[PDB]
Amino acid sequence: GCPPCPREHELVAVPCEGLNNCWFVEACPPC
């Protein structure tokens, strides 16, 4: 799952805001 509230994760290989893209920033939105 996702760790405590993140800040910025470099999703360079696979961009976030997608379907089965975000590794661990989806359920845990950056503060």
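Header annotation of the entry names solution NMR as the structure determination method.

Scanning all chains against the criterion turns up three disulfides. Note that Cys5 is cross-linked by a disulfide to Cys31, the S-S spacing being 2.0 Å. Taking the torsion about the sulfur-sulfur bond, which here is approximately 135 degrees, the covalent link between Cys5 and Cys31 counts as right-handed. A relative accessible area of 37% places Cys5 in the partly exposed class. Here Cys16 engages in a disulfide with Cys22; their sulfurs sit 2.0 Å apart. In this structure the cystine formed by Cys16 and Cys22 twists about its S-S bond by roughly 110 degrees; its chirality is therefore right-handed. With a relative accessible area of 11%, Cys22 lands in the buried category. For the protein, the bonded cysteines pair up as 1-5, 2-6, 3-4 when numbered in the order they occur along the sequence.

Analysis parameters
Each chain carries its own residue count, beginning from 1 and running in the order its sequence is written; this scheme need not agree with the entry numbering, and residues with no coordinates do not appear. Remark: hydrogens and water are excluded; side-chain values derive from all non-hydrogen atoms of the structure. Only a pair of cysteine sulfur atoms within 2.5 Å counts as a disulfide in this structure description. Each residue is assigned to one of three classes by its accessible area relative to the maximum for its type, calculated with a 1.4 Å probe on protein chains only: buried under 20%, partly exposed between the two thresholds, exposed over 50%.

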